[PDB]
Amino acid sequence: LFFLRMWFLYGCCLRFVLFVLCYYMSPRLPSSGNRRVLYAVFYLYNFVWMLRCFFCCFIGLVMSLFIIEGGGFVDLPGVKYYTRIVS
Amino acid sequence: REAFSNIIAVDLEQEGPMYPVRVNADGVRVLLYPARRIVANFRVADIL
Amino acid sequence: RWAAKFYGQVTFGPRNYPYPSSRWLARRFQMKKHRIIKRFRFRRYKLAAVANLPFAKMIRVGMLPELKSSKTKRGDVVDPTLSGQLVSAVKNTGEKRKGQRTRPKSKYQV
Amino acid sequence: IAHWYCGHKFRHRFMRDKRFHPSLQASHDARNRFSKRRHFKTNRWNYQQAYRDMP
Amino acid sequence: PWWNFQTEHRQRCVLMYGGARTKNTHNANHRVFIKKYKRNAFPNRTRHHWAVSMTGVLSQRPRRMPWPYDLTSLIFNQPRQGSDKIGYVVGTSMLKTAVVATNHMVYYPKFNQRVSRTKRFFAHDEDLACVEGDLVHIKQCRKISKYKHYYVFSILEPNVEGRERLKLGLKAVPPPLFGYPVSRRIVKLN
Amino acid sequence: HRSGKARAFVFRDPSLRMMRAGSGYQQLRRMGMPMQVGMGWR
RNA sequence: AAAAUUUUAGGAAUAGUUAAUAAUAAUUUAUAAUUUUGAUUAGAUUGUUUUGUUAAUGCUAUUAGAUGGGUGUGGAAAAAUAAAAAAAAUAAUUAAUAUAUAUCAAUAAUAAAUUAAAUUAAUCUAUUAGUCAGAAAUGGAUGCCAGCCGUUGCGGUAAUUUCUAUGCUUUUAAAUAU
RNA sequence: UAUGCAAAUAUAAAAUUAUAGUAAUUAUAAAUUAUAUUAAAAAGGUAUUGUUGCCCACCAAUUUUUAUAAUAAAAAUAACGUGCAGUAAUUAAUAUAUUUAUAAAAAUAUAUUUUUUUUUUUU
Ligand SMILES: [Mg+2]
Ligand SMILES: [Mg+2]
Ligand SMILES: [Mg+2]
Ligand SMILES: [Mg+2]
Ligand SMILES: [Mg+2]
Ligand SMILES: [Mg+2]
Ligand SMILES: [Mg+2]
Ligand SMILES: [Mg+2]
Ligand SMILES: [Mg+2]
Ligand SMILES: [Mg+2]
Ligand SMILES: [Mg+2]
Ligand SMILES: [Mg+2]
Ligand SMILES: [Mg+2]
Ligand SMILES: [Mg+2]
Ligand SMILES: [Mg+2]
Ligand SMILES: [Mg+2]
Ligand SMILES: [Mg+2]
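Protein chains in written order, with the authors' numbering: chain CL, 54 to 140; chain CE, 195 to 242; chain Cn, 141 to 250; chain Da, 10 to 64; chain CQ, 10 to 199; chain DD, 10 to 51.
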């Protein structure tokens with residue numbers, strides 16, 4: 054188990070975040086493609102943290118806040134958090 | 195035929211080990227101890 | 141010695157490997173050590189430890205406003221008397237006075 | 010070993026446990042266990058004439 | 010009922026037959042450390058706190074617990090723990106006051122072994138017999154001054170060398186050569 | 010693996026594991042060693 | 001009045017201050033006291049019968065409740081909402097029921113599927129997963145793309161690993177995340 | 001070439017990297033590789049249908065953590081341009097030391113084989 058990947062869950066299983074950016078990043082070879090990465094924000098003890106996580110979710114009509122869960126590893130190095138649903 | 199060359203037998207007068215056997219195969223440390231019943235990994239279990 | 145012999149763990153091989161380090165690993169870490177040392181030389185690092193001061197905390201003299209290499213970065217704040225004395229030390233270290241013991245010289249020491 | 014105590018690695022836990030080990034405790038022989046090196050070579054240049062009131 | 014499985018539960022209000030009525034405190038919480046400071050500037054001179062700190066006393070691993078059984082309880086029958094102590098006299102700078110260093114015992118049940126720690130006490134000797142380096146018996150008593158609850162009950166071993174040393178006008182014991190350690194380098198020559 | 014945990018060559022005799030446990034914390038609590046200085050369970 | 005047990009990866013000095021005198025001394029007397037056997041500041045933290053795992057010396061929890069003085073009442077300060085303690089005439093015991101609020105607790109999918117409830121019939125209409133490896137597959141798209149990812153890894157026109165449709169698989173309080 | 005300063009492999013340790021938050025690991029040794037003057041016979045591989053094999057630093061973009069030193073440090077990384085450092089590898093490599101510098105690195109002083117061996121029991 055790798056315990057430092059969970060740094061921004063802060064001892065919680067799931068997180069609530071707000072959408073900011075959505076950009077694309079290329080995974081580690083030999084896997085080619087475009088991985089969609091959402092750049093999100095949330096606040097804890099009046100500090101505003103920018104969270105960076107893998108967008109696997111389904112976007113419908115335009116919506117703002119997501120639910121973040123931690124997984125195993127993914128093709129893309131450096132992105133620990135995954136998306137459950139969008140609200 | 196390699197398995198029939200290596201055949202082992204066991205004295206069943208006692209039906210299980212009466213003391214702990216602590217022995218390692220290459221890099222694999224094994225403990226064979228007396229129990230009330232058979233407890234082991236499924237494979238180890240039907241080997242025993 | 142003050143400085144570090146190694147950087148990172150240079151002896152990592154399997155147990156009972158009958159040498160301190162393998163060739164491969166030692167070459168990797170020789171690379172990293174090389175880069176760090178080269179950085180020290182070109183940026184012209186200078187450290188000092190003064191008597192009757194906390195020793196673990198070393199005044200970095202290479203960042204002092206007079207001896208600073210960069211024209212841009214704000215260097216450091218060290219006492220005026222002490223900093224004068226440090227400047228004098230660095231300066232009068234440079235050249236060999238006869239009767240004194242010969243000590244290794246370099247471009248990057250100035 | 011709970012992962013939140015001490016460092017992020019495991020071995021940091023056992024490195025702070027060696028601080029509490031029974032046979033490792035500080036005494037008249039083993040001293041300054043936690044910082045040995047800040048106090049090293051501290052009195053080298055401190056010249057102290059030893060105390061003699063008897064001839 | 011703590012011996013019943015997750016699925017076996019029916020009522021949460023009572024123990025049907027007997028056993029221990031147990032509240033489950035949730036031991037695995039994934040509690041975390043919040044990092045509020047830069048690694049450069051931490052607001053303490055001697056120590057730095059970078060992780061979750063273990064808390065409690067006796068709840069502290071590895072457990073270190075009071076050991077009643079040692080030399081002192083071996084020799085004495087004490088009405089109250091710490092009512093008797095045997096120690097050495099270290100220093101007399103205070104009138105009618107003898108400082109005494111004493112050993113007591115700690116037990117680590119994890120490793121199954123004991124350690125001796127040491128502690129200083131102020132003891133009250135009226136009449137000023139005690140010379141530095143005496144082996145003394147010491148007892149609990151009436152509160153005397155802010156820090157003195159102990160009085161010198163008996164001198165087990167006096168210091169004969171120290172007394173004769175005093176009689177000649179010299180200090181009982183030579184003053185220690187170096188004081189406490191420092192983090193500086195003192196250059197003092199001649 | 011110079012950097013990593015020490016492993017036993019064989020197992021440990023379980024019987025001995027149970028014999029060295031005689032003075033352990035649970036047995037002490039049963040003997041009554043620790044002083045009860047607080048309310049404890051209700 | 002005391003004695004024990006006291007945390008921070010990389011560690012330095014602390015201070016209305018010790019002890020004697022005495023119902024003394026904002027300037028009594030003294031070679032004072034705490035600290036590297038880890039102090040004081042500073043971080044975190046509600047302290048010495050409560051938990052979880054385990055064959056087991058262990059590891060891993062345990063809330064909560066005592067925050068200075070200043071007309072000093074009172075046996076004792078515990079004295080400024082927040083009960084569920086009958087409080088100087090037997091208020092009442094045919095009582096345990098309290099409607100819709102809260103705080104931190106308090107484990108409900110209670111024969112989860114065929115013969116019926118020795119009732120008083122009151123609350124509820126209750127579902128998920130997989131389908132390469134390893135129980136279980138075929139069409140159709142897609143073509144290093146889109147996407148899958150517990151993990152080795154998969155995707156290069158034939159993909160038993162993507163998406164979709166349909167079946168099929170499960171040892172039946174769910175998958176997934178921490 | 002040991003009168004100033006200078007603790008330091010000879011091991012007390014809990015998966016690799018990393019100044020103790022970065023990536024998800026790393027390290028490793030006997031299979032296999034055609035030419036070294038015997039009356040043809042001894043040999044190495046960081047590759048793995050194996051030298052048209054792999055790899056090394058600087059030199060751009062970006063991503064992310066922070067203890068911001070010419071131009072911060074570290075980690076992900078698949079461009080462009082230099083070369084050819086390494087696999088006994090075109091002056092063998094490895095470690096410490098000191099110097100040097102487009103970049104791998106190079107010169108010297110010591111130890112040493114994770115380099116291949118060549119062998120006078122008084123002539
Ligand atoms: Mg955590
Ligand atoms: Mg993967
Ligand atoms: Mg070098
Ligand atoms: Mg000369
Ligand atoms: Mg008030
Ligand atoms: Mg199958
Ligand atoms: Mg899927
Ligand atoms: Mg097609
Ligand atoms: Mg198909
Ligand atoms: Mg950055
Ligand atoms: Mg950088
Ligand atoms: Mg080359
Ligand atoms: Mg070379
Ligand atoms: Mg070469
Ligand atoms: Mg070299
Ligand atoms: Mg060069
Ligand atoms: Mg070199």
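We put the beta carbon where it would ideally sit given N, CA and C, even for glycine.
| Query | Result |
| --- | --- |
| CB of residue 211(CQ) within 8 Å of CB of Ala110(CQ), strictly | Absent from the model: residue 211(CQ). The displayed extent of chain CQ is 10 to 199, so no value can be given. |
| Cutoff 8 Å: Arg194(CQ) Cβ touching any chain Cn Cβ | yes |
| For ligand 2, residues whose Cβ lies under 7 Å from any non-hydrogen atom | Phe126(CL), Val127(CL), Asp128(CL) |
| Residues that DSSP places opposite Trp102(CL) in a beta bridge | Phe95(CL) |
| Residue closest to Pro80(CL), alpha-carbon to alpha-carbon, out of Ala93(CL), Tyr134(CL), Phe56(CL), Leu129(CL) | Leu129(CL) |
| Cross-chain neighbours of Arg223(CE) in chain DD, by beta carbon under 9 Å | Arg16, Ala17, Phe18, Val19, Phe20 |
| Reduced DSSP category for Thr151(Cn) - H, G, I as helix; E, B as strand; rest coil | coil |
| Amino acids of chain CQ, ordered along the chain, whose beta-carbon sits closer than 8 Å to that of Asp38(Da) | Simply none; closest approach about 13 Å. |
| Heavy atom of ligand 1 within 7 Å of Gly64(CL) beta-carbon | yes |
| DSSP state of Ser199(CE) mapped onto helix, strand, coil | helix |
| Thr34(CQ), enclosing alpha helix (DSSP H) - first and last residue | Run containing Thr34(CQ): none; DSSP gives neither H nor E here. |
| Beta-carbon proximity list for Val90(CL), same chain, < 8 Å, skipping 5 on both sides | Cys75, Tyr76, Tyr77, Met78, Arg105, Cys106, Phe107, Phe108, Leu129, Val132 |
| Closer than 8 Å at the beta carbon, the chain CL residues around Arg48(CQ) | Those do not exist, as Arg48(CQ) stays about 16 Å from chain CL at its closest Cβ, beyond 8 Å. |
| Beta carbon of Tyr14(Da) nearer than 8 Å to that of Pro184(CQ) | no |
| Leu222(Cn) (DSSP reduced to helix, strand or coil) | helix |
| In chain order, each beta strand (DSSP E) run of at least 3 residues that lies wholly inside the segment 52 to 86 of chain CQ | none |
| C-alpha distance - residue 8(CQ) paired with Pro10(CQ), whole-angstrom precision | Lying before the first or after the last residue shown, residue 8(CQ) is absent from chain CQ, which here runs from 10 to 199. |
| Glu173(CQ): first and last residue of the uninterrupted beta strand (DSSP E) it sits in | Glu173(CQ) -> not in any beta strand (DSSP E); alpha helix (DSSP H) instead, spanning 169 to 176. |
| Host beta strand (DSSP E) of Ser44(Da) (start-end) | Segment: none, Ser44(Da) is in no beta strand (DSSP E) and carries neither H nor E. |
| Beta carbon of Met103(CL) nearer than 8 Å to that of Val139(CL) | no |
| Beta-bridge pairing of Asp93(CQ) - partner residues as DSSP gives them | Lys148(CQ) |
| Straight-line Cα distance separating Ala234(CE) from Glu209(CE) | 16 Å |
| DSSP beta-bridge partners of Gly123(CL) | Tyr134(CL) |
| Chain Da residues whose Cβ lies nearer than 8 Å to that of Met74(CQ) | Those within 8 Å of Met74(CQ) in chain Da number zero; the least Cβ separation is about 12 Å. |
| Buried versus exposed call for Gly171(CQ) [16 or more other C-beta atoms within 10 Å across all chains shown] | buried |
| Spatial distance of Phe195(Cn) from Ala189(Cn) (CA atoms) | 6 Å |
| Reference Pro228(CE), options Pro214(CE), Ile202(CE), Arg195(CE), closest by Cα | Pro214(CE) |
| Contact set between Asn199(CQ) and chain Da, taken where Cβ atoms lie within less than 8 Å | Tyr56 |
| Length of the line joining the Cα atoms of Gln149(CQ) and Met114(CQ) | 18 Å |
| Stretch-stretch touch, CB-based, cutoff 8 Å, three pairs: the segment 60 to 76 of chain CL with the segment 46 to 53 of chain CQ | no |
| Run of the beta strand (DSSP E) containing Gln15(CQ), from where it starts to where it stops | Neither: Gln15(CQ) is in no beta strand (DSSP E) and is coded neither H nor E. |
| Of the listed residues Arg195(CE), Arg216(CE), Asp240(CE), nearest to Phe18(DD) (C-alpha basis) | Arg216(CE) |
| Three CB pairs or more closer than 8 Å across the segment 125 to 138 of chain CQ and the segment 160 to 170 of chain CQ | yes |
| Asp143(CQ) burial status per 10 Å Cβ neighbour count (16 or more: buried) | buried |
| Alpha-carbon to alpha-carbon, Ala181(CQ) and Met63(Da) | 12 Å |
| Three-pair Cβ contact test at 8 Å for the segment 213 to 221 of chain Cn versus the segment 10 to 25 of chain DD | no |
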